[PDB]
Every structure is written in structure tokens, then in C-alpha cells.
């Protein structure tokens, strides 16, 4: 078929499975959330928590699907249909090394639900405690071993792909051991080889040798808020793509529809980026496509705490809070607008 509705398998959408309900999970997990203290504020801060009640959840927006459980099969079905609507072929799943049965259950349910809709799943390896190249290798082995035969397990030209959040917290001399073909614990040329995509944060002076010395296969930028880092400043993307091409690296810029996290980080107002009826999303996606990249990542499907979600949101006013919503756009606007941009990306790919 050539209908302009097919999934794009070089479009990665960051997905969070950490939401719970009392009924399914024992608590309204993540809908309830600690309010972060101001890093530059008082020492006697008692910031408190967002309770995760119907009236007060840990987001400046409100989900169309309500306080959902990420463990709910019928929620997962609806999410996969939303991915199909958005034409986002790859779900990039947050992964925290929780080593707990409830997470194992969610990962299998997600894989299964994804496959029914021909969606692929890769892992977004988060900064778990004492994360280091050795336990990273052990975890990569476990993930490939356990899920590598699942039909929804993502591969690019035969290789799995991982995004590594806050990769800069690990020295390139450690990365080399895992990622150089000559490294003492290398995955190169093994059954566990993978495209490893590190987080480009700051200036090229720092990031270029980091990426090269660490032997990452590519880089992404994550942050939905333009200007937050050098990497998340879209006017740098043409130059970043040029460098990537010259150095055999895969650049996967991250685009998002907006940013606001002030429910959980009330001191963080300067990082707010307004949606302006979709214009912000359009401007950022336009810049990625114009940089001539081979792949694009979307921040995010459902990071509700940070207001970067494309998942449908609805107007809601409670006695506790008046939520933001999609203004003059329908709840599914960001899904259908994503499909539009995917079309434009494919057109110039």
C-alpha cells in the first residue's frame, strides 16, 4: 500500500509505563508525586506531594484516559491505536532496572499489545542506581535474551537499538570497554551488539570527543524545551547532522509539542514552552526534518509530569487546580499533527 497512513519505523516516541491505579497497582502511582525542592531555594523546604486524587494529579494537563494504569490491557490497546493514529512506528520504553514482577508484567503486555498493531518497542535505559558499563552489559544481555525473539522487538538492519539517558554520567573510558570493538567487555561482534544512542547535551567542544571516545553509534537530544541545552536548540541541528554524517554517527533529534513541569517543579517556570495551538510542535518538527536526519524521536508520548505529551488531554477544572488543555485543538490534535509531520519526514527522507 501507498496510502500515506503507514507507520514510520525511524520515528521513536518516548513512552512511560509508570502510571498506576489503586485498583490494579495498589496506588495511583505517578499521578501522585513528590513536589521537588528548589535547588536554589531555602534549606527548610517542606515542598509536600501531589496526592494523585481525581482533582489533583502530577501534571499541568489532564489525560483524556483519566488516572490510568500502565498495567491495564485495555489502556495499552488504546495507546497502541493512538500510536497508529500518529504513525509512530517505534515505542521507546522507559527502563529503570526495577527488578520487580509488576514491571516484567508491563513489559510483556506492552510488547504483545504493540505487536497486534505492528508497532515496535525499544528500550530507553534510564539512570538507575549504580548504573555502570558492567551492569549495563548484564542488563542488555538480559533484555536481548528475554525479548529478542518477540516479534515487536525493534531492530534496525538486524540490530537492536537503545537510547541511553544521561549517558554523560558515565566516563568515555568506561563506555569504551563496552562499546569499542576492542573493549574488554565489548558488545561489538557479539550476539548482544546494538545501536547505542547517547544523549548529546552541551557544546560540540565537549560532546564531539565524548561521542567519539565513548564509541556511541549515535546521539539524541531528548529535551522538549527549546534552548534547555545546546543539543535541544534546533538551530544547531544542521551542524550536528553534518558532524554526525562526517563521523559515521546516527543523529536522532528529539522534538516535542511543548514543556511545563511546574506542578512537580514549581520553581522551574523559566523552562515553560507554550504550545500555541500546535505552532511550537510544528516549528520544532520542521527544524528536525530540515536538518536532513534519518530518524526522529518524539518527547513524549506520555511524560505528563513534564507537559511534553502528545497523548490526548482534555479540559478539566477541579476545586484544586485548573489544568491546561489543547486550547483551540481537539484532544487528539497532537496525534494527527504527528502523523502529518511523519508524512513530511517520509517525503524528504
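Residue numbers count along the first chain shown, from 1.
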query: Average Cα temperature factor in the PDB entry - higher stretch of 241-249, 131-139; finding: 241-249
query: 280-288 versus 23-31 - greater average Cα B-factor per the deposited record; finding: 23-31
query: Most elevated Cα B-factor in the entry, residues 298, 313, 36, 295; finding: 36
query: Deposited CA B-factor, highest of 189, 221, 226, 202; finding: 202
query: For residue 64, the third of its chain into which the C-alpha B factor falls; finding: middle
query: Cα B factor band for residue 159 (lowest, middle or highest third within the chain); finding: highest
query: Chain-relative CA temperature factor third for residue 92; finding: lowest
query: Lowest, middle or highest third - CA B-factor, residue 73; finding: highest
query: Residue 146 by Cα B-factor - lowest, middle or highest third of the modelled chain; finding: highest
